[PDB]
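**Student:** Please see the structure below; I have some questions.
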Amino acid sequence: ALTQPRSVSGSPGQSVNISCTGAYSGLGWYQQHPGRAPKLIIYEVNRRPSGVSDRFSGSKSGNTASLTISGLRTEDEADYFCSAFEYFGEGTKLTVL
Amino acid sequence: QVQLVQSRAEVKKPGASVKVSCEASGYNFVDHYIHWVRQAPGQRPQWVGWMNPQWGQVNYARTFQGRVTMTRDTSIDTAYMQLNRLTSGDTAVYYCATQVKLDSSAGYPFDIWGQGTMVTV
Amino acid sequence: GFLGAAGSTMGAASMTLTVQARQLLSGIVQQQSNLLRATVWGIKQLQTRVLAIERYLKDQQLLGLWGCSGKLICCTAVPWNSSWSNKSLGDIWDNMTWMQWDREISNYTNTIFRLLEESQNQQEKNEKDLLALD
Amino acid sequence: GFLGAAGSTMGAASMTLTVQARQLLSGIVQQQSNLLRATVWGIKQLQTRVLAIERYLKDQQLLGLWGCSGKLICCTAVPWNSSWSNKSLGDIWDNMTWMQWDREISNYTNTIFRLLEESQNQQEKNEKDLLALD
Amino acid sequence: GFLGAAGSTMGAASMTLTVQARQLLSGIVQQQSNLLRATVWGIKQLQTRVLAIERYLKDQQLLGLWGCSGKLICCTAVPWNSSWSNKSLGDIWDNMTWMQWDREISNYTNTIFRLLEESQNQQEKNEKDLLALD
Amino acid sequence: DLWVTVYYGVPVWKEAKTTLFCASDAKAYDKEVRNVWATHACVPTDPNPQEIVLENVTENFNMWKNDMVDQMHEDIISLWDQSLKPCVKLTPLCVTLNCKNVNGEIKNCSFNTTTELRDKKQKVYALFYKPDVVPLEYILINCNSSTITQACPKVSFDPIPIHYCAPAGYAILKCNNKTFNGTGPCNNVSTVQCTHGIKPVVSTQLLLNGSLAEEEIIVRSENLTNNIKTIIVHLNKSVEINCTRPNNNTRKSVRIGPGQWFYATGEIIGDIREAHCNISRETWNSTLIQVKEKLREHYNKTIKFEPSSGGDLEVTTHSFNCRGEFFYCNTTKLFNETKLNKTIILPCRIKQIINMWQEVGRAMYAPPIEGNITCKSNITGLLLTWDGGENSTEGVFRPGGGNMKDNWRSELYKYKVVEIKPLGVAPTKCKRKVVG
Amino acid sequence: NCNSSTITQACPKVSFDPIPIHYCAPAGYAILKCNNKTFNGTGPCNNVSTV
Amino acid sequence: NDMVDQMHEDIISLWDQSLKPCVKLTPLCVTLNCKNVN
Ligand SMILES: *[C@@H]1O[C@H](CO)[C@@H](O[C@@H]2O[C@H](CO)[C@@H](O[C@@H]3O[C@H](CO[C@H]4O[C@H](CO)[C@@H](O)[C@H](O)[C@@H]4O)[C@@H](O)[C@H](O[C@H]4O[C@H](CO)[C@@H](O)[C@H](O)[C@@H]4O)[C@@H]3O)[C@H](O)[C@H]2NC(C)=O)[C@H](O)[C@H]1NC(C)=O
Ligand SMILES: *[C@@H]1O[C@H](CO)[C@@H](O[C@@H]2O[C@H](CO)[C@@H](O)[C@H](O)[C@H]2NC(C)=O)[C@H](O)[C@H]1NC(C)=O
Ligand SMILES: *[C@@H]1O[C@H](CO)[C@@H](O[C@@H]2O[C@H](CO)[C@@H](O)[C@H](O)[C@H]2NC(C)=O)[C@H](O)[C@H]1NC(C)=O
Ligand SMILES: *[C@@H]1O[C@H](CO)[C@@H](O[C@@H]2O[C@H](CO)[C@@H](O)[C@H](O)[C@H]2NC(C)=O)[C@H](O)[C@H]1NC(C)=O
Ligand SMILES: *[C@@H]1O[C@H](CO)[C@@H](O[C@@H]2O[C@H](CO)[C@@H](O)[C@H](O)[C@H]2NC(C)=O)[C@H](O)[C@H]1NC(C)=O
Ligand SMILES: *[C@@H]1O[C@H](CO)[C@@H](O[C@@H]2O[C@H](CO)[C@@H](O)[C@H](O)[C@H]2NC(C)=O)[C@H](O)[C@H]1NC(C)=O
Ligand SMILES: *[C@@H]1O[C@H](CO)[C@@H](O[C@@H]2O[C@H](CO)[C@@H](O)[C@H](O)[C@H]2NC(C)=O)[C@H](O)[C@H]1NC(C)=O
Ligand SMILES: *[C@@H]1O[C@H](CO)[C@@H](O[C@@H]2O[C@H](CO)[C@@H](O)[C@H](O)[C@H]2NC(C)=O)[C@H](O)[C@H]1NC(C)=O
Ligand SMILES: *[C@@H]1O[C@H](CO)[C@@H](O)[C@H](O)[C@H]1NC(C)=O
Ligand SMILES: *[C@@H]1O[C@H](CO)[C@@H](O)[C@H](O)[C@H]1NC(C)=O
Ligand SMILES: *[C@@H]1O[C@H](CO)[C@@H](O)[C@H](O)[C@H]1NC(C)=O
Ligand SMILES: *[C@@H]1O[C@H](CO)[C@@H](O)[C@H](O)[C@H]1NC(C)=O
Ligand SMILES: *[C@@H]1O[C@H](CO)[C@@H](O)[C@H](O)[C@H]1NC(C)=O
Ligand SMILES: *[C@@H]1O[C@H](CO)[C@@H](O)[C@H](O)[C@H]1NC(C)=O
Ligand SMILES: *[C@@H]1O[C@H](CO)[C@@H](O)[C@H](O)[C@H]1NC(C)=O
Ligand SMILES: *[C@@H]1O[C@H](CO)[C@@H](O)[C@H](O)[C@H]1NC(C)=O
Ligand SMILES: *[C@@H]1O[C@H](CO)[C@@H](O)[C@H](O)[C@H]1NC(C)=O
């Protein structure tokens with residue numbers, strides 16, 4: 001029961017901002033580059049693992065996980081998955097104009 | 001260093017069995033749990049189970065119970081996952097996942113993933 | 001008993017400080033090695049015994065450099081700078097426990113410990129040397 | 001020398017108490033590790049050195065909690081309850097040795113040791129804190 | 001810092017003696033065992049901590065037997081026999097360092113150390129016992 | 001004015017870890033080199049433990065971040081290697097076994113060993129269990145992985161209560177809450193000299209020989225709802241198990257070297273009978289029920305059960321030691337039904353070459369015990385793992401014993417090691433006499 | 001005794017000549033030496049000396 | 001006296017410690033072919 005939208009609009013300099021509702025939603029978020037395995041970008045809704053840029057961050061709510069990325073680039077075009085323990089979200093594709 | 005390397009991609013017939021290995025190098029293989037997770041090309045990623053290499057202690061989702069068996073070879077730091085009774089709906093890419101370079105002991109989420117093994121039946 | 005007044009008020013706890021003072025080192029009433037039998041436990045035990053002396057001797061050393069070696073309660077002449085804590089006498093000694101006091105002033109305790117060694121005992125001894133010169 | 005006055009009268013023995021006080025720890029004139037060689041003797045030696053410090057630090061700790069840390073002879077204000085010993089001044093200090101004294105009062109020394117820490121130094125310090133308040 | 005005034009005059013060096021005093025034992029800020037790992041280094045380390053206690057406890061013991069336990073500077077009432085050194089006050093404290101002093105009087109320090117324990121603290125305590133008798 | 005006033009001996013502590021110390025009970029009745037946990041240098045404890053109860057204080061606990069359970073697991077491993085250091089190696093026993101069956105679970109195997117003389121060879125027979133032998137015409141189970149050091153028959157594996165005691169200057173804080181988390185604040189804490197009687201048992205899926213609860217059953221995990229960590233179901237009452245090895249085995253001494261004597265199983269006499277355990281039926285029937293009530297408080301629907309899916313033989317079965325012999329009991333009879341004297345009987349198979357802790361190194365060979373074997377399991381806890389992602393209608397709790405620190409966390413949940421900082425600065429209206 | 005226990009030969013470098021060794025009590029203890037010329041063992045000693 | 005128990009334990013311990021790095025005679029336990037000298 002972990003749902004997220006499929007495509008949200010964006011532009012370089014404008015933030016792309018994703019909702020993900022569910023029970024214990026948004027424990028971890030994955031950035032799946034097209035071709036290889038996903039990579040952890042945030043864990044425990046807000047904390048940042050090593051090896052990722054400072055612009056990757058997330059915010060918490062009551063039941064909706066809000067992943068906010070500021071300062072988009074052309075190389076960030078990837079599929080974003082919201083995860084909750086063993087469950088997973090539908091998947092959100094980046095849109096950069 | 002501290003990476004997960006999987007086997008080659010395989011395509012099999014329905015009913016046959018496939019073995020997806022995931023060797024680990026550069027870190028303590030025994031101390032960290034090995035999770036296995038799917039991703040169908042056009043569907044949400046589905047979580048299969050986990051396997052810690054101390055005794056094996058395998059855990060399965062009900063949609064794979066009785067079909068998947070995970071064994072190990074801790075002398076060569078290799079984690080296996082064998083699927084039995086393959087069908088048409090068992091097509092995905094199969095990832096081995098773990099948690100090493102994180103400060104969270106809760107076991108979720110995963111940070112280090114394998115190279116990928118696309119299995120189409 | 002030991003650490004018995006950890007939840008009591010500072011005034012009540014200050015009366016039985018001798019009980020906590022005895023137990024940092026002894027130690028030798030409970031065992032001496034023990035040489036009645038003559039291993040992992042032997043190396044582990046010895047490192048505990050050395051460590052209990054290391055912590056105990058530091059506190060008497062700090063008390064020594066503050067000129068308070070022989071006493072458990074000593075008064076000084078370094079004034080209390082208000083930036084450390086703004087609380088009054090009745091808000092500290094009759095309403096708070098020692099546990100909650102240590103939590104708030106732990107940031108600047110080190111330079112307070114620097115004030116105890118410099119401001120008084122390093123000045124008092126030079127003045128006391130110049131005082132008994134005649 | 002060390003334990004030389006063990007058979008003398010208490011008055012004669014009380015003059016040379018410094019000699020027994022010196023040799024309780026040293027120790028470091030006879031050896032330091034020794035780092036001139038670099039075994040059963042090494043483990044045996046080390047456990048003795050820890051024990052010698054640990055026993056020594058107990059006595060200065062007890063003297064410390066009686067407010068007698070710096071002194072070899074200190075007087076108190078705990079009165080001598082007659083149930084402990086009925087002997088007078090001249091029957092103790094000029095006719096008896098220390099060895100036979102320890103034998104007779106050893107039953108209640110722990111309660112006496114309880115009186116030295118509670119009756120005086122725990123009361124004297126609270127009163128002395130209340131005395132220097134003005 | 002530690003041993004910073006080793007080349008300064010005795011008057012300048014005597015003001016910062018607390019700095020050199022702190023470092024003989026600690027010790028426990030740098031390590032406690034350490035129990036974060038759980039070898040040649042382990043046995044070597046332990047023999048250092050025991051040695052650091054034992055030498056340190058000698059100095060407080062010597063200061064204790066001279067009745068100077070609590071203080072870093074204490075004055076006595078044993079007079080200075082001129083055979084030890086013939087130098088005056090101004091030839092010592094404002095023109096000489098502590099280093100060259102130790103080299104010249106090290107020969108008779110032992111009978112000086114015998115004078116500090118016998119002449120005063122062994123006489124002062126017997127007199128102080130006879131003084132508080134009334 | 002307000003001048004500092006330092007107090008020596010203040011009752012304030014800090015969360016810090018140190019090394020503990022064994023202190024067994026005053027039970028030096030040895031008469032032989034025994035007690036591989038106590039060994040030769042674990043001191044007697046205090047005959048009168050000074051338990052000290054505190055008030056007006058609520059200190060937080062964390063039994064999964066506790067460093068005592070890391071230090072306990074390091075000592076029990078260290079005692080396991082230290083007791084096996086002077087014991088007899090089984091290097092010359094790693095030869096080709098000529099094994100024939102008895103009928104069963106025992107094969108008689110005839111092998112070649114050197115005698116005390118380096119040139120003479122003898123051929124002797126020995127009963128070896130089935131899971132101690134891998135096919136090759138046979139060999140031992142792990143002679144081609146690592147060496148085998150058999151257990152010395154003088155020593156004993158009976159776990160005596162050992163008290164882990166913090167050194168002087170430290171303290172152990174014992175929580176007295178009848179219904180307590182595990183991790184979280186405790187309203188009733190008590191400092192003690194050191195711990196109660198802790199039996200260092202080795203057991204999977206079933207916590208044997210420990211402390212019970214007072215009010216009711218407490219279910220414990222890190223946060224329960226996560227499936228990756230085991231759940232420690234600490235029982236209130238104790239069920240009764242009568243485990244046995246009801247066949248007569250004779251101990252045969254095989255000459256393999258000078259002083260090195262290899263004690264194997266000689267001729268079996270009597271009836272070829274399986275080792276079984278009687279875990280009641282009535283006390284266990286009420287037990288799972290009371291387990292259901294506590295598990296239903298943390299969920300909202302039915303809670304079923306199912307035996308272990310896989311792994312090594314030592315986790316799929318119920319492992320323990322029963323008078324120097326290691327059992328492997330099939331606990332499918334316990335957990336099969338889907339929950340919301342006519343005793344149940346567990347087929348247990350015996351292994352001698354056991355590789356405990358799964359560390360690559362010494363894997364001991366437990367020598368056989370002459371005669372019948374009877375012990376007394378007691379159960380003061382359970383080890384369960386939640387299932388994966390499913391529907392909300394029901395959840396499955398497979399039993400499982402993971403890392404051995406889960407066994408010690410059932411007994412070290414109450415305790416916590418803190419250092420005492422007796423130096424404290426607090427302002428008062430007192431000032432010392434001025435110099436001038 | 002090859003069928004009872006192993007044999008470890010003495011190293012030819014070392015020597016079995018017994019040199020005088022003094023067993024010494026550590027700091028805080030003492031050794032009481034009895035000086036009676038005809039001394040039985042068990043029983044009181046009239047002339048003792050700490051060493 | 002406990003000194004004679006401690007001394008006897010040391011001389012045993014010195015006996016085992018000095019023989020610890022010394023040469024084992026394990027391969028010498030073979031069939032010896034012995035003939036007399038006289
Ligand atoms: C959980 O706790 C229970 C306790 O309720 C444990 O059960 C006990 O386990 C111990 C140890 O395994 C048992 O003690 C052993 O009993 C053997 C049988 O005893 C009979 O035979 C002897 C000798 O003929 C009689 O004296 C006795 O009265 C009985 O008739 C003994 O043979 C054992 O002796 C050991 O020491 C002696 C002395 O050196 C040796 O000669 C022996 O060879 C042997 O090494 C030993 O005493 C005990 O019987 C069990 N039951 C009870 C009720 O206490 C569980 O084992 C424990 N669970 C776990 C997992 O540890
Ligand atoms: C995504 O990022 C910004 C900053 O987080 C969003 O701004 C607020 O986001 C919260 C939760 O994400 C909402 O509850 C507020 O209503 C938002 N405020 C405003 C003024 O929008 C913002 O929604 C997103 N940015 C975009 C879409 O550009
Ligand atoms: C289980 O662990 C998770 C973290 O992995 C906890 O989740 C957070 O808990 C805090 C407070 O309890 C919430 O504010 C957060 O929103 C939770 N989620 C995240 C993603 O941080 C959870 O609390 C734990 N469970 C229990 C019962 O304590
Ligand atoms: C706090 O815990 C202590 C220790 O468990 C309790 O003291 C014991 O209480 C029981 C009954 O509650 C008595 O039978 C014991 O005799 C008590 N122990 C001692 C040493 O006297 C105490 O009652 C608890 N207090 C609260 C408020 O929960
Ligand atoms: C173990 O296997 C051996 C195989 O040789 C059996 O030992 C011999 O059995 C014969 C009977 O067939 C006896 O006459 C011999 O005396 C036995 N040998 C010895 C050394 O005693 C033996 O029967 C088997 N053990 C079991 C329990 O079946
Ligand atoms: C396990 O064994 C114990 C004793 O060895 C049994 O307990 C006794 O059972 C008898 C009758 O069977 C009763 O008369 C006693 O009162 C019981 N004693 C105790 C202390 O309980 C127990 O019944 C056995 N359990 C099983 C399942 O076999
Ligand atoms: C434990 O025992 C149970 C039965 O009591 C075993 O489960 C089944 O047993 C039957 C025989 O009655 C076999 O035919 C089946 O293959 C077994 N498995 C299943 C899934 O039905 C179980 O295998 C035993 N476990 C162990 C480890 O011995
Ligand atoms: C008590 O014993 C001591 C030690 O044996 C005696 O002292 C030594 O013995 C002879 C005889 O007196 C002297 O020549 C030595 O010089 C003494 N040694 C020292 C260091 O003085 C002592 O004489 C004995 N006394 C009695 C009364 O028997
Ligand atoms: C705890 O609180 C009560 C009431 O606040 C008080 O009477 C008591 O002295 C306090 N301390 C202890 C140790 O009970
Ligand atoms: C034992 O050694 C002999 C060689 O003398 C060999 O013939 C025999 O088969 C060996 N035993 C086994 C069980 O292989
Ligand atoms: C040891 O032998 C077993 C027997 O089948 C085999 O499975 C295993 O791979 C071997 N291990 C090694 C390290 O050779
Ligand atoms: C632990 O148990 C206490 C009992 O009151 C509860 O408040 C707390 O939420 C529990 N914590 C977890 C993680 O279950
Ligand atoms: C277990 O308990 C249930 C209900 O309490 C009962 O129906 C059932 O018969 C019991 N089992 C046995 C074996 O009596
Ligand atoms: C569980 O096992 C018992 C004993 O073998 C059996 O009577 C019962 O029917 C089983 N329950 C289920 C749900 O299979
Ligand atoms: C075993 O359980 C019984 C329950 O009646 C208890 O009396 C006994 O003390 C337990 N044995 C041990 C060793 O804890
Ligand atoms: C060792 O060999 C000797 C040689 O005669 C023999 O007497 C003795 O019994 C043997 N020892 C054992 C334990 O067999
Ligand atoms: C030594 O070995 C030779 C052959 O290598 C053999 O003939 C002889 O019997 C052996 N034993 C002796 C000489 O005692």
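Residue numbering restarts at 1 in every chain; chains get A, B, ... in the order shown in the structure tokens, and ligands count up from 1 in that same order.
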Output the neighbourhood of ligand 3 as JSON, numbers by chain, that is, all protein and nucleic acid residues with some atom at most 10 Å from the ligand, counting only C-alpha atoms and all ligand atoms.
**Tutor:** {"A": [23, 24, 25, 26, 27, 28, 43, 44, 45, 46, 47, 59, 60, 61, 62, 63, 64, 65, 83, 84, 85], "B": [104, 105, 106, 107, 108, 109], "F": [183, 184, 221, 222, 223, 224, 225, 226, 298]}
**Student:** Got time to write the residues from that selection, C-alpha atoms, as a PDB file, in the first residue's frame?
**Tutor:**
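Contents of out.pdb, as written:
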ATOM      1  CA  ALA A  23       2.412   3.092   6.445  1.00  0.00           C
ATOM      2  CA  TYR A  24       5.944   3.971   7.652  1.00  0.00           C
ATOM      3  CA  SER A  25       6.398   5.589   4.253  1.00  0.00           C
ATOM      4  CA  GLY A  26       9.682   6.789   2.801  1.00  0.00           C
ATOM      5  CA  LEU A  27      12.284   5.052   4.939  1.00  0.00           C
ATOM      6  CA  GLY A  28      14.605   5.061   1.929  1.00  0.00           C
ATOM      7  CA  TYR A  43      17.740   6.865   4.417  1.00  0.00           C
ATOM      8  CA  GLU A  44      15.511   7.372   7.481  1.00  0.00           C
ATOM      9  CA  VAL A  45      13.425   9.942   5.499  1.00  0.00           C
ATOM     10  CA  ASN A  46      15.978  12.758   6.024  1.00  0.00           C
ATOM     11  CA  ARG A  47      19.511  11.486   6.750  1.00  0.00           C
ATOM     12  CA  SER A  59      11.464  16.122   4.334  1.00  0.00           C
ATOM     13  CA  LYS A  60       9.105  14.205   6.610  1.00  0.00           C
ATOM     14  CA  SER A  61       5.384  14.501   7.314  1.00  0.00           C
ATOM     15  CA  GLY A  62       2.724  12.481   9.112  1.00  0.00           C
ATOM     16  CA  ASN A  63       2.318   9.822   6.425  1.00  0.00           C
ATOM     17  CA  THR A  64       3.710  11.304   3.176  1.00  0.00           C
ATOM     18  CA  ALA A  65       7.402  11.307   2.258  1.00  0.00           C
ATOM     19  CA  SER A  83      10.669   2.318  -0.121  1.00  0.00           C
ATOM     20  CA  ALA A  84       9.235   1.345   3.271  1.00  0.00           C
ATOM     21  CA  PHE A  85      11.000  -1.629   4.919  1.00  0.00           C
TER      22      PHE A  85
ATOM     23  CA  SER B 104      21.644   2.560  10.825  1.00  0.00           C
ATOM     24  CA  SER B 105      21.463  -0.866  12.475  1.00  0.00           C
ATOM     25  CA  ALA B 106      17.752  -1.282  11.645  1.00  0.00           C
ATOM     26  CA  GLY B 107      18.616  -3.335   8.545  1.00  0.00           C
ATOM     27  CA  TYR B 108      16.661  -1.115   6.134  1.00  0.00           C
ATOM     28  CA  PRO B 109      17.048   0.369   3.588  1.00  0.00           C
TER      29      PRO B 109
ATOM     30  CA  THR F 183      14.758  -0.133  24.804  1.00  0.00           C
ATOM     31  CA  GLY F 184      13.268   2.874  26.594  1.00  0.00           C
ATOM     32  CA  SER F 221      12.546  -6.548  19.484  1.00  0.00           C
ATOM     33  CA  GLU F 222      14.162  -3.393  18.143  1.00  0.00           C
ATOM     34  CA  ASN F 223      10.851  -2.208  16.744  1.00  0.00           C
ATOM     35  CA  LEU F 224       8.947  -5.502  16.337  1.00  0.00           C
ATOM     36  CA  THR F 225       7.343  -4.534  12.990  1.00  0.00           C
ATOM     37  CA  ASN F 226      10.696  -4.922  11.251  1.00  0.00           C
ATOM     38  CA  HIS F 298       0.895  -5.382  18.643  1.00  0.00           C
TER      39      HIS F 298
END
**Student:** Would you kindly return, as a list in words, each protein, DNA or RNA residue with an atom no farther than 6 Å from any atom of region 2-9 of chain E, considering only C-alpha atoms and excluding same-chain residues fewer than 5 positions away?
**Tutor:**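 These residues fall inside the cut-off: residues 19, 20, 94, 96 and 97 of chain E.
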**Student:** If the cut-off is 8 Å, can you tell me the residues of chain E near chain D, counting only C-alpha atoms? I'd like them as a list in words.
**Tutor:**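 Going by the stated atoms only, the list reads residues 47, 50, 51, 53, 54, 55, 58, 61, 64, 65, 67, 68, 69, 70, 117, 122, 125, 126 and 129 of chain E.
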**Student:** Please produce an output containing C-alpha atoms for each residue in the selection, written as a PDB file, in the first residue's frame.
**Tutor:**
ATOM      1  CA  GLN E  47      53.492  -1.985  32.271  1.00  0.00           C
ATOM      2  CA  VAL E  50      51.519   0.597  36.440  1.00  0.00           C
ATOM      3  CA  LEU E  51      54.865   2.425  36.316  1.00  0.00           C
ATOM      4  CA  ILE E  53      51.086   5.171  39.124  1.00  0.00           C
ATOM      5  CA  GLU E  54      53.965   3.863  41.196  1.00  0.00           C
ATOM      6  CA  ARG E  55      56.408   6.698  40.516  1.00  0.00           C
ATOM      7  CA  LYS E  58      56.143   8.021  45.510  1.00  0.00           C
ATOM      8  CA  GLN E  61      54.076   9.797  49.583  1.00  0.00           C
ATOM      9  CA  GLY E  64      52.883  13.232  52.640  1.00  0.00           C
ATOM     10  CA  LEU E  65      55.700  12.298  55.028  1.00  0.00           C
ATOM     11  CA  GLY E  67      53.327  17.107  55.803  1.00  0.00           C
ATOM     12  CA  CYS E  68      52.980  18.784  52.406  1.00  0.00           C
ATOM     13  CA  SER E  69      50.492  16.405  50.760  1.00  0.00           C
ATOM     14  CA  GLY E  70      47.876  18.944  49.680  1.00  0.00           C
ATOM     15  CA  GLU E 117      60.872  13.534  57.419  1.00  0.00           C
ATOM     16  CA  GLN E 122      58.259  13.591  63.058  1.00  0.00           C
ATOM     17  CA  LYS E 125      53.446  15.756  65.192  1.00  0.00           C
ATOM     18  CA  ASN E 126      54.722  14.681  68.603  1.00  0.00           C
ATOM     19  CA  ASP E 129      49.937  15.814  69.994  1.00  0.00           C
TER      20      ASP E 129
END
**Student:** At a cut-off of 9 Å around ligand 11, and using only C-alpha atoms and all ligand atoms, what residues come up? Please write them as a list in words.
**Tutor:** residues 73, 75 and 76 of chain B; 134, 135, 136, 139, 141, 142, 143, 144, 145 and 146 of chain F
**Student:** Using the selection just defined, write its residues with N, CA, C and O atoms as a CSV table (one decimal), in the first residue's frame.
**Tutor:**
chain,number,residue,atom,x,y,z
B,73,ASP,N,28.0,-20.2,0.2
B,73,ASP,CA,29.3,-20.8,0.4
B,73,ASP,C,30.2,-19.8,1.0
B,73,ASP,O,30.8,-19.0,0.3
B,75,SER,N,33.0,-20.0,2.5
B,75,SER,CA,34.4,-20.2,2.3
B,75,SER,C,34.9,-19.4,1.1
B,75,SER,O,36.1,-18.9,1.1
B,76,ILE,N,34.0,-19.1,0.2
B,76,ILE,CA,34.4,-18.3,-1.0
B,76,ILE,C,33.6,-17.0,-1.1
B,76,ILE,O,33.6,-16.4,-2.1
F,134,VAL,N,30.4,-36.9,5.9
F,134,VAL,CA,30.0,-36.6,4.6
F,134,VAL,C,30.6,-37.6,3.6
F,134,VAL,O,31.6,-38.2,3.9
F,135,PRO,N,29.9,-37.9,2.5
F,135,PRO,CA,30.4,-38.9,1.6
F,135,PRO,C,31.6,-38.3,0.8
F,135,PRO,O,31.8,-37.1,0.6
F,136,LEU,N,32.4,-39.2,0.3
F,136,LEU,CA,33.6,-38.9,-0.4
F,136,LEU,C,33.6,-39.5,-1.8
F,136,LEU,O,32.9,-39.0,-2.7
F,139,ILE,N,34.5,-39.8,5.0
F,139,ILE,CA,35.4,-39.0,5.8
F,139,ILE,C,34.6,-38.3,6.9
F,139,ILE,O,33.3,-38.4,7.0
F,141,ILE,N,33.1,-34.8,8.8
F,141,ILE,CA,32.3,-33.8,8.2
F,141,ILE,C,33.1,-32.6,7.7
F,141,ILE,O,32.9,-32.0,6.6
F,142,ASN,N,34.1,-32.1,8.5
F,142,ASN,CA,34.8,-30.9,8.2
F,142,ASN,C,36.3,-31.1,8.4
F,142,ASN,O,37.0,-30.2,9.0
F,143,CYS,N,36.9,-32.2,8.0
F,143,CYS,CA,38.3,-32.4,8.0
F,143,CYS,C,39.0,-31.7,6.8
F,143,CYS,O,40.2,-31.4,6.8
F,144,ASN,N,38.2,-31.4,5.8
F,144,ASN,CA,38.7,-30.7,4.6
F,144,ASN,C,38.3,-29.2,4.6
F,144,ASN,O,38.4,-28.6,3.6
F,145,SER,N,37.9,-28.7,5.8
F,145,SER,CA,37.8,-27.3,6.0
F,145,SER,C,38.7,-26.8,7.1
F,145,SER,O,39.4,-25.8,6.8
F,146,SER,N,38.8,-27.4,8.2
F,146,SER,CA,39.6,-27.0,9.3
F,146,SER,C,39.9,-28.1,10.3
F,146,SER,O,39.4,-29.3,10.1
**Student:** Could you pull out the residues sitting within 9 Å of ligand 1, using only C-alpha atoms and all ligand atoms, and write them as a PyMOL selection string?
**Tutor:** chain F and resi 30-32+34+153-160+199-203+208-210+320-324+369-370+373-379
**Student:** Please check the contacts: residues of chain G at most 7 Å away from chain D, using only C-alpha atoms, listed as number ranges by chain.
**Tutor:** G: 26-28
**Student:** Going by DSSP on the backbone, which bits of region 30-131 of chain D are helix (DSSP H, G or I)? Write them as number ranges by chain, please.
**Tutor:** D: 40-65, 98-105, 109-131
**Student:** Check which residues fall inside 8 Å of ligand 17 when counting only C-alpha atoms and all ligand atoms, and print them as a PyMOL selection string.
**Tutor:** chain H and resi 30-33
**Student:** For ligand 5, list the contacting residues at 9 Å or closer, counting only C-alpha atoms and all ligand atoms, as a list in words.
**Tutor:**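 Going residue by residue within 9 Å of ligand 5, we get residues 99, 100, 101, 102, 103, 106, 107, 108, 109, 110, 123, 124, 125, 126, 127, 266, 267, 268 and 269 of chain F.
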**Student:** Counting only C-alpha atoms and all ligand atoms, which protein, DNA or RNA residues come within 7 Å of ligand 13, given as a list in words?
**Tutor:**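 Selection of residues at most 7 Å from ligand 13: residues 281, 282, 285 and 286 of chain F.
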**Student:** Leaving out residue 256 (chain F) and any residue of its chain fewer than 5 positions from it, which residues lie within 7 Å of it when counting only C-alpha atoms, given as a PDB file with C-alpha atoms, in the first residue's frame?
**Tutor:**
ATOM      1  CA  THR F 113      45.377 -44.450  12.817  1.00  0.00           C
ATOM      2  CA  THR F 114      49.009 -44.335  13.816  1.00  0.00           C
ATOM      3  CA  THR F 115      49.753 -45.695  17.273  1.00  0.00           C
ATOM      4  CA  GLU F 116      52.042 -44.062  19.837  1.00  0.00           C
ATOM      5  CA  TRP F 261      43.490 -40.514  23.524  1.00  0.00           C
ATOM      6  CA  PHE F 262      40.536 -40.529  21.117  1.00  0.00           C
TER       7      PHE F 262
END
**Student:** If we count only C-alpha atoms and set the cut-off at 12 Å, which residues sit around region 80-88 of chain B, ignoring sequence neighbours fewer than 5 positions away in its own chain? Please answer as a PyMOL selection string.
**Tutor:** chain B and resi 5-7+11-24+34-38+48-53+56+58-60+64-74+94-96+117+119-121
